[PDB]
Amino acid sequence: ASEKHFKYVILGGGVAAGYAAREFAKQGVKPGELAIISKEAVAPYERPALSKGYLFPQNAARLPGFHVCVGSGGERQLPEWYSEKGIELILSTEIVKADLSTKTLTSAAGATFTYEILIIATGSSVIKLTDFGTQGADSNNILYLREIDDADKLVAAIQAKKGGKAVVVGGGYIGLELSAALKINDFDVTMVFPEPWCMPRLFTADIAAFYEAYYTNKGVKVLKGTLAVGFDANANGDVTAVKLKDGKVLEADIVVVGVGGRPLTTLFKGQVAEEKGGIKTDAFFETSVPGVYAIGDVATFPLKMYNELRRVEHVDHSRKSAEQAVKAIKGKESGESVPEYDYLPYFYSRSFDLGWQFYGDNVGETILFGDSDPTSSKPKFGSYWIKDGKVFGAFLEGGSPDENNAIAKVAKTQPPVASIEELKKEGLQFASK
């Protein structure tokens, strides 16, 4: 009798959930039809803000300001946006069991929820140094950043330790955005990572060299090809230092770690087909279980333009896959045709006064173009990835919305390159024309 049933259940209260709810309201959802179950205590928000505006030392972004869908220029969805529509937000509720055969979800406290259609939007986990048993990685003030709860703990630690020393472990987008956030919050910052350069799975050595030099000039000590092998801590269990493989010690009042993550799909293992580490879906985000969909970070879906199954961690995909799934679900109900998902990979990052965008596929060979001098007033440079005589990928730092739209069009249309050398001479003009 305490069990709750909903025609549609979104599991997770993140970017994809929030955008899926907007498409349900667009599609004409009736009160009582939809529930969003989330372990977070707040309504869906624009997660990229957590490593950006949330950490500003002045005029920081705070909720309710960055709830979905403001991040894409849409309208804000306060908790009241859901309740007025009879869309039930079930917050601070962690689902610990999902039985797809009985369409039942069970919470940690044993509350049960059944559905007709399930949308899996559980996002990604955070890989922790304690997962590998790294010596003293359990020390207090060794922090990770995924959710607003993490962001609040980081904000509190920054206030407690400001004027102090911070070490950032990891050289990916988290490493880069957090090193900058700590520096702008008046910390002595050291960035350490074992790979030969930052954003190792996306940046080329030449792109990374710009960021390493720019960070160095901001006063960030960048230690590439360096491995953190332990941590020192005091009688309170608070971190005091980061030990390096060579034997060096970095003093630290705070340590922030960003070493990637994995699709949070533990609830569904063995119940749905998996591919390339994610839950496999078709062009409509439907899994191997009929009526079960998977969106955002967890989906391994058909990337139409590359004729392959892919998995991404992009806020743009999170928003668009959410809209696709809802359109597909409502399409099956009415028997109306829905086009296959046609996504152009798009990733971006911002730190200090920098901002870059990437579109397409980072395959083939690379060429660098523009002004890549880190001391430039307004640096503006890019890179193209060329394979089989055509541009597959495009990167641009410091572009205007027009220049970013131009490099997106290059990645979308994959124009031929008769002369790669000649493309390097054309640079940013190649995209704009």
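Numbers for residues come from their place in the sequence shown, where the first is 1.
Taking the PDB entry as given, 327 to 335 carries the higher mean Cα B factor of the two stretches 327 to 335 and 70 to 78.
When the C-alpha B-factors of 185 to 193 and 243 to 251 are averaged, 243 to 251 comes out higher. When the C-alpha B-factors of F301, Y215, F347, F132 are ranked from the entry, the top spot goes to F132.
When the C-alpha B factors of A21, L11, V15, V417 are read from the deposited coordinates, the top value falls at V417. Ranked by C-alpha B-factor against the other modelled residues of its chain, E397 falls in the middle third.
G364 sits in the middle third of its chain by CA B factor, as recorded in the PDB entry. Sort the chain's modelled residues by C-alpha temperature factor and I174 lands in the highest third, per the entry. Compared with the other modelled residues of the chain, the Cα B-factor recorded for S51 ranks in the lowest third. Per the PDB record, residue ranking by Cα B-factor puts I407 in the middle third of the chain.
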